[PDB]
Amino acid sequence: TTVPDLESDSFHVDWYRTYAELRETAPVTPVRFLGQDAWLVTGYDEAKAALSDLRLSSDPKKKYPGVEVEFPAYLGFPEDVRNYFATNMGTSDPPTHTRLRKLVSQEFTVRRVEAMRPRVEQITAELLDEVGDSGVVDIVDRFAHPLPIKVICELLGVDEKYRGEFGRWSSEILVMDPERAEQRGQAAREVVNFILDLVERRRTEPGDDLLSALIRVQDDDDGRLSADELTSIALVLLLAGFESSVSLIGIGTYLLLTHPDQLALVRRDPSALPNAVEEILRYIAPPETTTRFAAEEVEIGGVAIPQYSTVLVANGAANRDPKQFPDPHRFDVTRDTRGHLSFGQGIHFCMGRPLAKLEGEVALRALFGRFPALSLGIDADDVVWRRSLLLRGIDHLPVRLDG
Ligand code: HEM
Ligand SMILES: CC[C@H]1OC(=O)[C@H](C)[C@@H](O)[C@H](C)[C@@H](O)[C@@H](C)C[C@@H](C)C(=O)[C@H](C)[C@@H](O)[C@H]1C
């Protein structure tokens, strides 16, 4: 009947209750979003099946006769800008996806990530050193946001004097408001221009960073990254490389601050921190929904998704499907979190998982270790959640350093 409108407050206010009510009626249902028809998948089994079915494409650049492909995430994006944003692993299907991922995997290794551990630890310490010993501060602006941004910049060879602008553009892009479609596309163009200059500088002055290495990566069979591929991969690595981690740190801080019992456990047993981060991701997945396009008719959960349909796989809703995660609304750092979809599923499974876990673990351990009496600076019910189905997070979070 009343087709769900993903722009309504129902999806940004106690929204997991909304996902539950939909999942109960039909884990695969028609919805409206940004002026287009789509299918929302809220069931865990259904979401896993969907992400595993390659008939559900990840490429927004593919053309189909008489069809105008529109991914919600590229709202307001001029075509050329979309291409700059979508010529990488996450926006490619095999065989192209296969070679792009293989080449990037040669340099974006666990070794390279672990080599940054000392840097993550030092940056974390320095940021915490600057907030003081007492009073109220915005833990996002002073910590959760600057840490990942500095880490990804060092990984991608982005000099200090070029880190003060893209954070603002990226922020505008996380929100999908039809009212600001033009501003969103303009923010996107700035990011493109920024990446074009970064690549130019790196080709001219090589270093030991990941971008420099991708400029040189090659393989007898897979070949190498074309100029367009290199540029597009650098772009998403820059944005995806810090935004999801900022969300994790902010959400994790909020969850630990509002679940004293859970925080107590993690502290008593340090070996419990890794799974705590996994549960924080299971509880409130940053990539709440991920988009796919039906290149052919595809049946999911007994529902025939018509060919050329836009499919929104609700990774977050799937993580709260009681059939997969019993007592889903309980944040439990001890639960078996295996199988959650916050890092994806299938061929597009997160390539940054090692780094995301490293940052989350280092950041939360340091923050709560430095401030044993840390407390929320506002009522839990007054925290403002980012209005985005692309990347859920917290943009401002007051905390009292000394309780
Ligand atoms: C807590 C943080 C993170 C979360 C929640 C996360 C989540 C995800 C998810 C859900 C996917 C699959 C998307 C899809 O199926 O279309 C993905 C893909 C990917 N992530 Fe992450 N990610 C995180 C951190 C990172 C970081 C730090 C980087 C980069 C430095 C990164 C790089 C990528 C790349 C390149 C892919 C594309 C894989 C492919 O298409 O083959 N991620 N991530
Ligand atoms: C504006 C649209 C794009 O969004 C972003 O880059 C966001 C800033 C990131 O946080 C997204 C949400 C990532 O965290 C991963 C889930 C997916 C990512 C790796 C992709 O490859 C994917 C194609 C992505 O680039 C687009 C959805």
# chains A, B, ... in the order shown; residues from 1 in each chain; ligands from 1
call {"tool": "residues_near_ligand", "arguments": {"ligand": "ligand 2", "cutoff": "7 Å", "atoms": "only C-alpha atoms and all ligand atoms", "output": "MDAnalysis selection string"}}
result
chainID A and resid 73:74 85:86 88:91 170 173:174 236 239:240 243:244 287 290 390:391
call {"tool": "residues_around", "arguments": {"residues": "residue 252 (chain A)", "least_positions_apart": "4", "cutoff": "9 Å", "atoms": "only C-alpha atoms", "output": "list in words"}}
result
residues 247, 248, 256, 257, 276, 277, 280, 281, 360 and 364 of chain A
call {"tool": "atom_distance", "arguments": {"atom1": "CA of residue 94 (chain A)", "atom2": "CA of residue 71 (chain A)"}}
result
19.0 Å
call {"tool": "closest_residue", "arguments": {"among": "A:177, A:278, A:402, A:382", "to": "ligand 1", "atoms": "only C-alpha atoms and all ligand atoms"}}
result
A:278
call {"tool": "select_by_dssp", "arguments": {"residues": "region 13-186 of chain A", "states": "alpha helix (DSSP H)", "output": "ChimeraX atom specification"}}
result
/A:15-25,44-52,79-85,96-107,110-115,117-129,139,146-155,166-174,181-186
call {"tool": "residues_near_ligand", "arguments": {"ligand": "ligand 1", "cutoff": "7 Å", "atoms": "only C-alpha atoms and all ligand atoms", "output": "PyMOL selection string"}}
result
chain A and resi 51+58+89-91+97+101+152+236-237+240-242+244-245+248+281+285-287+290-291+341-345+347-353+355-357
call {"tool": "closest_residue", "arguments": {"among": "A:119, A:189, A:338, A:370", "to": "residue 131 (chain A)", "atoms": "only C-alpha atoms"}}
result
A:370
call {"tool": "select_by_dssp", "arguments": {"residues": "region 129-294 of chain A", "states": "strand (DSSP E)", "output": "JSON, numbers by chain"}}
result
{"A": [136, 137, 138, 218, 219, 223, 224, 290, 291, 292, 293, 294]}
call {"tool": "decode", "arguments": {"residues": "region 202-255 of chain A", "atoms": "C-alpha atoms", "output": "mmCIF file, in the first residue's frame"}}
result
data_model
loop_
_atom_site.group_PDB
_atom_site.id
_atom_site.type_symbol
_atom_site.label_atom_id
_atom_site.label_comp_id
_atom_site.auth_asym_id
_atom_site.auth_seq_id
_atom_site.Cartn_x
_atom_site.Cartn_y
_atom_site.Cartn_z
ATOM 1 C CA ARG A 202 52.617 11.654 -7.611
ATOM 2 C CA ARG A 203 53.560 10.774 -11.200
ATOM 3 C CA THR A 204 56.009 13.670 -11.133
ATOM 4 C CA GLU A 205 57.399 12.972 -7.656
ATOM 5 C CA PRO A 206 57.187 9.242 -6.780
ATOM 6 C CA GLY A 207 57.289 8.052 -3.192
ATOM 7 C CA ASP A 208 56.820 4.897 -1.133
ATOM 8 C CA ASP A 209 53.081 5.454 -0.643
ATOM 9 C CA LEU A 210 50.280 3.244 -1.997
ATOM 10 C CA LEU A 211 49.349 5.581 -4.861
ATOM 11 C CA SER A 212 52.946 5.716 -6.074
ATOM 12 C CA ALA A 213 52.962 1.908 -5.994
ATOM 13 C CA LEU A 214 49.691 1.602 -7.927
ATOM 14 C CA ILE A 215 51.131 3.877 -10.602
ATOM 15 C CA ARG A 216 53.754 1.167 -11.140
ATOM 16 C CA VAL A 217 51.832 -2.037 -10.412
ATOM 17 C CA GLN A 218 51.652 -4.548 -13.257
ATOM 18 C CA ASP A 219 51.090 -8.224 -14.030
ATOM 19 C CA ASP A 220 51.791 -10.385 -17.092
ATOM 20 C CA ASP A 221 48.136 -11.435 -17.320
ATOM 21 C CA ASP A 222 46.187 -8.619 -15.639
ATOM 22 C CA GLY A 223 48.388 -5.933 -17.178
ATOM 23 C CA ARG A 224 48.196 -2.620 -15.348
ATOM 24 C CA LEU A 225 45.949 0.237 -14.286
ATOM 25 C CA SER A 226 44.948 2.579 -17.085
ATOM 26 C CA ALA A 227 45.074 6.313 -16.418
ATOM 27 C CA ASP A 228 41.292 6.396 -15.858
ATOM 28 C CA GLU A 229 41.388 3.307 -13.610
ATOM 29 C CA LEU A 230 44.295 4.627 -11.559
ATOM 30 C CA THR A 231 42.582 8.005 -11.096
ATOM 31 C CA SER A 232 39.225 6.475 -10.162
ATOM 32 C CA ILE A 233 40.759 3.947 -7.767
ATOM 33 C CA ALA A 234 42.743 6.730 -6.082
ATOM 34 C CA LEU A 235 39.536 8.736 -5.708
ATOM 35 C CA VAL A 236 37.511 6.024 -3.961
ATOM 36 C CA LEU A 237 40.491 4.904 -1.882
ATOM 37 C CA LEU A 238 40.736 8.481 -0.616
ATOM 38 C CA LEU A 239 37.041 8.822 0.308
ATOM 39 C CA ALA A 240 36.205 5.238 1.319
ATOM 40 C CA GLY A 241 39.594 5.155 2.997
ATOM 41 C CA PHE A 242 38.526 7.385 5.880
ATOM 42 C CA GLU A 243 34.779 8.036 5.976
ATOM 43 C CA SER A 244 33.748 4.540 7.028
ATOM 44 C CA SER A 245 36.451 4.550 9.701
ATOM 45 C CA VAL A 246 35.266 7.928 10.980
ATOM 46 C CA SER A 247 31.787 6.434 11.253
ATOM 47 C CA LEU A 248 33.123 3.371 13.075
ATOM 48 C CA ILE A 249 35.039 5.414 15.641
ATOM 49 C CA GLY A 250 32.177 7.819 16.291
ATOM 50 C CA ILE A 251 29.500 5.141 16.465
ATOM 51 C CA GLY A 252 31.760 2.896 18.536
ATOM 52 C CA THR A 253 32.424 5.717 21.000
ATOM 53 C CA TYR A 254 28.707 6.424 21.259
ATOM 54 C CA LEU A 255 27.837 2.745 21.768
#
